[PDB]
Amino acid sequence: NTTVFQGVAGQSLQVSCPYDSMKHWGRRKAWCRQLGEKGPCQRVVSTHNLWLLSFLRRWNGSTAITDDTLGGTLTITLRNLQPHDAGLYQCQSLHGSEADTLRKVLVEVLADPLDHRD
């Protein structure tokens, strides 16, 4: 059951992944792009190495990630959305060598219908 987030090219898209803060307490989170049914889900960015600093924003290029471990909400920011950003992604909860899928996110990029010429 995938969840679709739509954003316009050039805009910043914000993906939110709610989770049980008690079930996933003490686990860092990750955001990866799934290229096919058999993978890979290539790691894009993960939360801070120290779980106590999960609220600090981490960047990889135009993608950022921040975690609210109190309310149980993971937030992904796709800045300056491009057409090639479209595809399926995963919200992951990390423990040891394991990774639990929190949510499968489909990113749909909409063309910018506005002419910004002045």
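When you see a residue number, it is the position in the sequence shown, counting from 1.
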Have a look at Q42, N60, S54, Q82 and flag the one whose Cα has the highest B-factor in the entry. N60
For the listed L106, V109, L13, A99, which has the peak Cα B-factor recorded in the PDB entry? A99
Quick check on the deposited entry: does the C-alpha B-factor of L78 sit in the lowest, middle or highest third of its chain? middle
Quick check on the deposited entry: does the C-alpha B-factor of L70 sit in the lowest, middle or highest third of its chain? highest
